[PDB]
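Peer 1:
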Amino acid sequence: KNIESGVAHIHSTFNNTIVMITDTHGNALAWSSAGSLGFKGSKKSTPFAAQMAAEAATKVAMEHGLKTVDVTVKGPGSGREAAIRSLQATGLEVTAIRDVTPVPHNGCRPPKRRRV
RNA sequence: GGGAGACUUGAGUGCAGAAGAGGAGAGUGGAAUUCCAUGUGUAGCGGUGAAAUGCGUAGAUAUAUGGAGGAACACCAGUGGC
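In terms of PDB author numbering, the first sequence has 77 at position 64, counting the first letter as 1, and numbering is strictly consecutive.
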């Protein structure tokens, strides 16, 4: 109901961007996405859509009560920086930024190349 | 070419060292994917050139914490080595 510090997970893929603001323990507080905001098709990956998604999620989080957030960026999407700037503009203080893109140590076999 | 000898440079042994993803056997480590359980949380997620199929209110994706299991071994790594 009332929080001050939290985490913001930005999942940005080539097709969509999802912003998930949680508490420092990971429990979800608010979230939004390009698709959730009405963007469809290619638009979902545009940085502007990421900007709006971060804006809407931040507004809900601040409404719930939240001042500081630390950012974790995941995925190769092109809207990560747009979301971060949107967070700052909407008001939440960006305490820190880290990248948590998983990096398999070889691990599993990725799917086939396209057009083969 | 044959026979009877001699010789040490080829060949090999000895002695002294060197490096190595060489091979076989038995274990073991972390990353990561998927699945499972339980939290938080609400409407999409996923995907394309564009769409649709598909998954999601039986609460998905995301997110936190665990647990299961299979396979391959990021960085080192290098017309490097064996």
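We put the CB at the ideal spot given by N, CA and C, even for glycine.
On the criterion of 16 or more Cβ atoms from any shown chain inside 10 Å, does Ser18 qualify as buried, or is it exposed?
Peer 2: Classification of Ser18: exposed, given that the 10 Å Cβ count is below 16.
Peer 1: Just verifying my parser: in three-state terms, what is the DSSP assignment at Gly104?
Peer 2: Per DSSP, reduced to three states, the secondary structure at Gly104 is coil, with no helix or strand assignment.
Peer 1: Assuming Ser46 and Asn28 form a contact by the criterion Cβ under 8 Å, report the distance between their Cβ atoms to the nearest whole angstrom.
Peer 2: That pair is no contact at about 11 Å.
Peer 1: Counting C-beta neighbours from all protein chains within 10 Å, is the total for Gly88 16 or more, i.e. buried, or is it exposed?
Peer 2: buried
Peer 1: Ends of the alpha helix (DSSP H) at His77?
Peer 2: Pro60 to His77
Peer 1: Identify which residue in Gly104, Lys125, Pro117 and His118 has its Cα closest to the Cα of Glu68.
Peer 2: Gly104
Peer 1: Leaving aside the five residues before and after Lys72 along the sequence, list all residues of the same chain whose C-beta is less than 7 Å from its C-beta, in chain order.
Peer 2: Cβ-Cβ distances below 7 Å link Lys72 to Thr103 in the same chain, with the five nearest sequence neighbours on each side left out; the list follows chain order.
Peer 1: Could you check the C-alpha separation between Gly120 and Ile23 for me, to the nearest Å?
Peer 2: 24 Å
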